[PDB]
Amino acid sequence: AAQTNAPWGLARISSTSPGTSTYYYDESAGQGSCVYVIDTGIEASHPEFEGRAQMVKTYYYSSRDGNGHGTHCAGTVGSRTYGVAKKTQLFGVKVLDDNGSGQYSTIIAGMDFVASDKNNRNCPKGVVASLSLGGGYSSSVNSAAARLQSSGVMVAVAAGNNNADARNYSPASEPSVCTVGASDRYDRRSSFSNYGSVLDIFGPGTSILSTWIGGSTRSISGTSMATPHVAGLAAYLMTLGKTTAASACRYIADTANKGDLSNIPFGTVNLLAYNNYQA
């Protein structure tokens, strides 16, 4: 399948070169997989989700996304126009309030929730969790992300936006989950992106167009935006039977575009998510 005039990040993930604008993908499109977006929520009524999104949990007075960030990230995972895996089921878990904040105890509860909740969902092709959130190092936050992964969920997490080594942030610094840095449309490391040995992969993170609340759309930037490209890619590759939740981060690294990014610091991986789709 070919989507013309796609957001640049979608085009980049199915291309061997920057500077193209058509996104190419197998029509299976993550059908039969699920992705949890653990964030400020998801505006499930957005036409872009086509009925494939739903809120499954909140820790606050409402499951509504009153921010937009969770909706934007879900849209990069799975919206019809802005998404990587255009037929995945999206589940929203609102661990962050409408100011984008959340206590680590709530974040942890949300991760453990997803590890159990997948057993109440139909995801025969596999389950992914996208975590576009983070703060300072916490062994407890890392342990939670490690249990979620261990339970059979492909966990993708933001490296962080500090232009710093991600070893000092959580769940970024957890070795067993997929830690995602951000790039721009010219294959430069995004200027805010964290880096370091704990990074596993980069995805598109600067100037990313996706869904927003009030049935709208917006372009914003962050390792928050790179993470759901990877999450959507993993769901798409699991539906194709190419990988599994346990192996998807390795598989994405194995199949990435290599050595193509600039301003990657010595000792950080130079690997850009790529779907290796041959139309």
# chains A, B, ... in the order shown; residues from 1 in each chain; ligands from 1
>>> select_by_dssp(residues="region 87-232 of chain A", states="strand (DSSP E)", output="PyMOL selection string")
chain A and resi 89-94+126-131+135-136+153-158+169-170+178-183+201-204+208-212+216-220
>>> closest_atom_pairs(of="region 36-131 of chain A", to="region 196-220 of chain A", cutoff="9 Å", atoms="only C-alpha atoms", output="CSV")
residue,atom,partner,partner_atom,distance
A:42,CA,A:213,CA,8.3
A:43,CA,A:213,CA,6.1
A:45,CA,A:215,CA,7.8
A:46,CA,A:215,CA,5.1
A:47,CA,A:215,CA,7.1
A:48,CA,A:211,CA,7.3
A:65,CA,A:213,CA,7.2
A:66,CA,A:213,CA,7.5
A:67,CA,A:213,CA,7.3
A:68,CA,A:213,CA,5.1
A:69,CA,A:212,CA,7.4
A:70,CA,A:212,CA,8.5
A:71,CA,A:212,CA,5.6
A:72,CA,A:211,CA,4.7
A:73,CA,A:210,CA,7.5
A:74,CA,A:211,CA,7.9
A:75,CA,A:211,CA,5.2
A:76,CA,A:210,CA,6.0
A:79,CA,A:211,CA,7.7
A:81,CA,A:210,CA,8.1
A:82,CA,A:210,CA,5.2
A:83,CA,A:210,CA,7.8
>>> select_by_dssp(residues="region 155-228 of chain A", states="alpha helix (DSSP H)", output="PDB file with N, CA, C and O atoms, in the first residue's frame")
ATOM      1  N   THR A 223      10.913  13.189  21.897  1.00  0.00           N
ATOM      2  CA  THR A 223      11.046  11.746  21.905  1.00  0.00           C
ATOM      3  C   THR A 223       9.692  11.097  22.222  1.00  0.00           C
ATOM      4  O   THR A 223       9.529   9.899  21.887  1.00  0.00           O
ATOM      5  N   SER A 224       8.759  11.855  22.795  1.00  0.00           N
ATOM      6  CA  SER A 224       7.333  11.420  22.851  1.00  0.00           C
ATOM      7  C   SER A 224       6.723  11.065  21.480  1.00  0.00           C
ATOM      8  O   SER A 224       5.804  10.265  21.385  1.00  0.00           O
ATOM      9  N   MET A 225       7.210  11.702  20.431  1.00  0.00           N
ATOM     10  CA  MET A 225       6.673  11.460  19.076  1.00  0.00           C
ATOM     11  C   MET A 225       7.414  10.338  18.375  1.00  0.00           C
ATOM     12  O   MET A 225       6.853   9.657  17.481  1.00  0.00           O
ATOM     13  N   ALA A 226       8.693  10.165  18.683  1.00  0.00           N
ATOM     14  CA  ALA A 226       9.468   9.085  18.104  1.00  0.00           C
ATOM     15  C   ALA A 226       9.012   7.726  18.626  1.00  0.00           C
ATOM     16  O   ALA A 226       8.964   6.730  17.877  1.00  0.00           O
ATOM     17  N   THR A 227       8.764   7.667  19.942  1.00  0.00           N
ATOM     18  CA  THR A 227       8.366   6.395  20.611  1.00  0.00           C
ATOM     19  C   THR A 227       7.138   5.687  19.915  1.00  0.00           C
ATOM     20  O   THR A 227       7.209   4.479  19.614  1.00  0.00           O
ATOM     21  N   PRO A 228       6.059   6.444  19.609  1.00  0.00           N
ATOM     22  CA  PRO A 228       4.909   5.754  18.968  1.00  0.00           C
ATOM     23  C   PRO A 228       5.165   5.344  17.522  1.00  0.00           C
ATOM     24  O   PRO A 228       4.450   4.436  17.018  1.00  0.00           O
TER      25      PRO A 228
END
>>> residues_around(residues="residue 25 (chain A)", least_positions_apart="3", cutoff="8 Å", atoms="only C-alpha atoms", output="list in words")
residues 1, 2, 14, 29, 275, 277 and 279 of chain A
>>> write_last_selection(atoms="N, CA and C atoms", output="PDB file, in the first residue's frame")
ATOM      1  N   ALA A   1       0.867  -1.233   0.000  1.00  0.00           N
ATOM      2  CA  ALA A   1       0.000   0.000   0.000  1.00  0.00           C
ATOM      3  C   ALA A   1       0.870   1.238   0.000  1.00  0.00           C
ATOM      4  N   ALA A   2       0.326   2.335  -0.564  1.00  0.00           N
ATOM      5  CA  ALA A   2       1.050   3.587  -0.680  1.00  0.00           C
ATOM      6  C   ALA A   2       0.126   4.709  -0.193  1.00  0.00           C
ATOM      7  N   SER A  14       9.484   3.981   6.038  1.00  0.00           N
ATOM      8  CA  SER A  14       9.427   2.943   4.979  1.00  0.00           C
ATOM      9  C   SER A  14      10.431   3.291   3.861  1.00  0.00           C
ATOM     10  N   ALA A  29      -1.414  -3.960   8.020  1.00  0.00           N
ATOM     11  CA  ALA A  29      -1.484  -2.693   8.796  1.00  0.00           C
ATOM     12  C   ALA A  29      -1.723  -2.869  10.294  1.00  0.00           C
ATOM     13  N   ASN A 275      10.826  -0.157   8.179  1.00  0.00           N
ATOM     14  CA  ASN A 275       9.957  -1.282   8.095  1.00  0.00           C
ATOM     15  C   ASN A 275      10.380  -2.315   7.056  1.00  0.00           C
ATOM     16  N   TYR A 277       9.841  -2.619   4.061  1.00  0.00           N
ATOM     17  CA  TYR A 277       8.709  -3.041   3.267  1.00  0.00           C
ATOM     18  C   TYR A 277       9.094  -2.915   1.794  1.00  0.00           C
ATOM     19  N   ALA A 279       7.393  -2.796  -1.648  1.00  0.00           N
ATOM     20  CA  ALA A 279       6.104  -2.732  -2.355  1.00  0.00           C
ATOM     21  C   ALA A 279       6.143  -3.726  -3.519  1.00  0.00           C
TER      22      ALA A 279
END
>>> closest_residue(among="A:190, A:40, A:170, A:106", to="residue 94 (chain A)", atoms="only C-alpha atoms")
A:40
>>> atom_distance(atom1="CA of residue 41 (chain A)", atom2="CA of residue 97 (chain A)")
8.6 Å
>>> residues_around(residues="region 238-254 of chain A", least_positions_apart="4", cutoff="9 Å", atoms="only C-alpha atoms", output="PyMOL selection string")
chain A and resi 26+28-33+124-128+149-150+152-156+177-179+200-201+230+233-234+258+271-275
>>> residues_around(residues="residue 188 (chain A)", least_positions_apart="4", cutoff="7 Å", atoms="only C-alpha atoms", output="ChimeraX atom specification")
/A:183-184,261-263
>>> write_last_selection(atoms="N, CA, C and O atoms", output="PDB file, in the first residue's frame")
ATOM      1  N   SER A 183      14.781  11.739  15.812  1.00  0.00           N
ATOM      2  CA  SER A 183      15.504  12.355  14.650  1.00  0.00           C
ATOM      3  C   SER A 183      14.639  13.366  13.910  1.00  0.00           C
ATOM      4  O   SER A 183      13.397  13.406  14.104  1.00  0.00           O
ATOM      5  N   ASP A 184      15.270  14.180  13.069  1.00  0.00           N
ATOM      6  CA  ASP A 184      14.508  15.110  12.228  1.00  0.00           C
ATOM      7  C   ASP A 184      14.505  14.676  10.733  1.00  0.00           C
ATOM      8  O   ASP A 184      15.106  13.645  10.359  1.00  0.00           O
ATOM      9  N   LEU A 261      22.375   8.610  10.500  1.00  0.00           N
ATOM     10  CA  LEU A 261      21.984   9.799  11.282  1.00  0.00           C
ATOM     11  C   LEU A 261      23.218  10.630  11.602  1.00  0.00           C
ATOM     12  O   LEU A 261      24.279  10.081  11.794  1.00  0.00           O
ATOM     13  N   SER A 262      23.048  11.947  11.679  1.00  0.00           N
ATOM     14  CA  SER A 262      24.169  12.807  12.060  1.00  0.00           C
ATOM     15  C   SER A 262      24.062  13.305  13.502  1.00  0.00           C
ATOM     16  O   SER A 262      22.972  13.245  14.128  1.00  0.00           O
ATOM     17  N   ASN A 263      25.184  13.794  14.028  1.00  0.00           N
ATOM     18  CA  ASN A 263      25.266  14.212  15.426  1.00  0.00           C
ATOM     19  C   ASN A 263      24.776  13.153  16.419  1.00  0.00           C
ATOM     20  O   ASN A 263      24.222  13.505  17.471  1.00  0.00           O
TER      21      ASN A 263
END
>>> decode(residues="region 99-123 of chain A", atoms="N, CA, C and O atoms", output="PDB file, in the first residue's frame")
ATOM      1  N   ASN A  99      -2.406  18.223  32.695  1.00  0.00           N
ATOM      2  CA  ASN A  99      -1.220  19.085  32.614  1.00  0.00           C
ATOM      3  C   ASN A  99      -0.029  18.273  32.129  1.00  0.00           C
ATOM      4  O   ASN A  99       1.078  18.784  32.054  1.00  0.00           O
ATOM      5  N   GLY A 100      -0.252  17.009  31.759  1.00  0.00           N
ATOM      6  CA  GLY A 100       0.873  16.134  31.350  1.00  0.00           C
ATOM      7  C   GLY A 100       1.748  15.525  32.451  1.00  0.00           C
ATOM      8  O   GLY A 100       2.793  14.938  32.157  1.00  0.00           O
ATOM      9  N   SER A 101       1.341  15.676  33.699  1.00  0.00           N
ATOM     10  CA  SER A 101       2.110  15.217  34.828  1.00  0.00           C
ATOM     11  C   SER A 101       1.528  13.958  35.440  1.00  0.00           C
ATOM     12  O   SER A 101       0.352  13.724  35.396  1.00  0.00           O
ATOM     13  N   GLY A 102       2.380  13.171  36.090  1.00  0.00           N
ATOM     14  CA  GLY A 102       1.842  12.012  36.868  1.00  0.00           C
ATOM     15  C   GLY A 102       2.875  11.533  37.855  1.00  0.00           C
ATOM     16  O   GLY A 102       4.081  11.530  37.576  1.00  0.00           O
ATOM     17  N   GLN A 103       2.422  11.166  39.035  1.00  0.00           N
ATOM     18  CA  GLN A 103       3.331  10.652  40.053  1.00  0.00           C
ATOM     19  C   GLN A 103       3.779   9.279  39.604  1.00  0.00           C
ATOM     20  O   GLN A 103       3.062   8.533  38.938  1.00  0.00           O
ATOM     21  N   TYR A 104       5.003   8.947  39.936  1.00  0.00           N
ATOM     22  CA  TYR A 104       5.569   7.650  39.541  1.00  0.00           C
ATOM     23  C   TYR A 104       4.769   6.469  40.065  1.00  0.00           C
ATOM     24  O   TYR A 104       4.671   5.446  39.389  1.00  0.00           O
ATOM     25  N   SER A 105       4.155   6.609  41.236  1.00  0.00           N
ATOM     26  CA  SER A 105       3.297   5.494  41.750  1.00  0.00           C
ATOM     27  C   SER A 105       2.114   5.164  40.823  1.00  0.00           C
ATOM     28  O   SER A 105       1.700   4.003  40.656  1.00  0.00           O
ATOM     29  N   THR A 106       1.580   6.196  40.182  1.00  0.00           N
ATOM     30  CA  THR A 106       0.480   6.042  39.268  1.00  0.00           C
ATOM     31  C   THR A 106       0.935   5.481  37.956  1.00  0.00           C
ATOM     32  O   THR A 106       0.233   4.672  37.352  1.00  0.00           O
ATOM     33  N   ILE A 107       2.103   5.932  37.525  1.00  0.00           N
ATOM     34  CA  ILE A 107       2.706   5.403  36.287  1.00  0.00           C
ATOM     35  C   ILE A 107       2.976   3.920  36.436  1.00  0.00           C
ATOM     36  O   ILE A 107       2.629   3.090  35.565  1.00  0.00           O
ATOM     37  N   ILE A 108       3.519   3.526  37.598  1.00  0.00           N
ATOM     38  CA  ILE A 108       3.816   2.145  37.840  1.00  0.00           C
ATOM     39  C   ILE A 108       2.548   1.328  37.851  1.00  0.00           C
ATOM     40  O   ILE A 108       2.502   0.221  37.260  1.00  0.00           O
ATOM     41  N   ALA A 109       1.537   1.812  38.539  1.00  0.00           N
ATOM     42  CA  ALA A 109       0.244   1.110  38.597  1.00  0.00           C
ATOM     43  C   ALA A 109      -0.261   0.893  37.169  1.00  0.00           C
ATOM     44  O   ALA A 109      -0.784  -0.182  36.851  1.00  0.00           O
ATOM     45  N   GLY A 110      -0.131   1.931  36.330  1.00  0.00           N
ATOM     46  CA  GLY A 110      -0.602   1.810  34.916  1.00  0.00           C
ATOM     47  C   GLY A 110       0.147   0.723  34.137  1.00  0.00           C
ATOM     48  O   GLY A 110      -0.462   0.018  33.353  1.00  0.00           O
ATOM     49  N   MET A 111       1.452   0.587  34.348  1.00  0.00           N
ATOM     50  CA  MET A 111       2.235  -0.429  33.665  1.00  0.00           C
ATOM     51  C   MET A 111       1.796  -1.830  34.130  1.00  0.00           C
ATOM     52  O   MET A 111       1.581  -2.712  33.331  1.00  0.00           O
ATOM     53  N   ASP A 112       1.618  -2.017  35.428  1.00  0.00           N
ATOM     54  CA  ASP A 112       1.196  -3.300  35.954  1.00  0.00           C
ATOM     55  C   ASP A 112      -0.238  -3.605  35.515  1.00  0.00           C
ATOM     56  O   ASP A 112      -0.575  -4.758  35.250  1.00  0.00           O
ATOM     57  N   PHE A 113      -1.067  -2.563  35.385  1.00  0.00           N
ATOM     58  CA  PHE A 113      -2.413  -2.694  34.859  1.00  0.00           C
ATOM     59  C   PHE A 113      -2.342  -3.291  33.480  1.00  0.00           C
ATOM     60  O   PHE A 113      -3.090  -4.237  33.196  1.00  0.00           O
ATOM     61  N   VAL A 114      -1.463  -2.744  32.602  1.00  0.00           N
ATOM     62  CA  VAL A 114      -1.445  -3.245  31.217  1.00  0.00           C
ATOM     63  C   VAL A 114      -0.994  -4.700  31.164  1.00  0.00           C
ATOM     64  O   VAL A 114      -1.522  -5.461  30.386  1.00  0.00           O
ATOM     65  N   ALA A 115      -0.032  -5.085  31.995  1.00  0.00           N
ATOM     66  CA  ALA A 115       0.439  -6.454  32.012  1.00  0.00           C
ATOM     67  C   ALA A 115      -0.680  -7.422  32.323  1.00  0.00           C
ATOM     68  O   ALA A 115      -0.731  -8.536  31.739  1.00  0.00           O
ATOM     69  N   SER A 116      -1.604  -7.004  33.184  1.00  0.00           N
ATOM     70  CA  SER A 116      -2.773  -7.866  33.416  1.00  0.00           C
ATOM     71  C   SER A 116      -3.857  -7.637  32.390  1.00  0.00           C
ATOM     72  O   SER A 116      -4.500  -8.619  31.917  1.00  0.00           O
ATOM     73  N   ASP A 117      -4.112  -6.372  32.052  1.00  0.00           N
ATOM     74  CA  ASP A 117      -5.240  -6.106  31.190  1.00  0.00           C
ATOM     75  C   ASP A 117      -5.182  -6.743  29.778  1.00  0.00           C
ATOM     76  O   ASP A 117      -6.204  -7.020  29.195  1.00  0.00           O
ATOM     77  N   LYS A 118      -3.984  -6.944  29.266  1.00  0.00           N
ATOM     78  CA  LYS A 118      -3.884  -7.626  27.952  1.00  0.00           C
ATOM     79  C   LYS A 118      -4.653  -8.973  27.937  1.00  0.00           C
ATOM     80  O   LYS A 118      -5.096  -9.459  26.840  1.00  0.00           O
ATOM     81  N   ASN A 119      -4.726  -9.625  29.107  1.00  0.00           N
ATOM     82  CA  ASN A 119      -5.471 -10.884  29.223  1.00  0.00           C
ATOM     83  C   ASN A 119      -7.007 -10.724  29.119  1.00  0.00           C
ATOM     84  O   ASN A 119      -7.755 -11.709  28.956  1.00  0.00           O
ATOM     85  N   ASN A 120      -7.460  -9.475  29.098  1.00  0.00           N
ATOM     86  CA  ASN A 120      -8.831  -9.167  28.862  1.00  0.00           C
ATOM     87  C   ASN A 120      -9.127  -8.590  27.464  1.00  0.00           C
ATOM     88  O   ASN A 120     -10.255  -8.126  27.212  1.00  0.00           O
ATOM     89  N   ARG A 121      -8.121  -8.644  26.593  1.00  0.00           N
ATOM     90  CA  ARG A 121      -8.194  -8.036  25.236  1.00  0.00           C
ATOM     91  C   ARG A 121      -7.908  -9.107  24.177  1.00  0.00           C
ATOM     92  O   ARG A 121      -7.254 -10.111  24.443  1.00  0.00           O
ATOM     93  N   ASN A 122      -8.487  -8.903  22.992  1.00  0.00           N
ATOM     94  CA  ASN A 122      -8.229  -9.763  21.863  1.00  0.00           C
ATOM     95  C   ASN A 122      -7.087  -9.179  20.958  1.00  0.00           C
ATOM     96  O   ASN A 122      -7.298  -8.240  20.220  1.00  0.00           O
ATOM     97  N   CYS A 123      -5.900  -9.769  21.075  1.00  0.00           N
ATOM     98  CA  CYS A 123      -4.678  -9.292  20.397  1.00  0.00           C
ATOM     99  C   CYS A 123      -3.902 -10.498  19.892  1.00  0.00           C
ATOM    100  O   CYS A 123      -2.755 -10.790  20.345  1.00  0.00           O
TER     101      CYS A 123
END
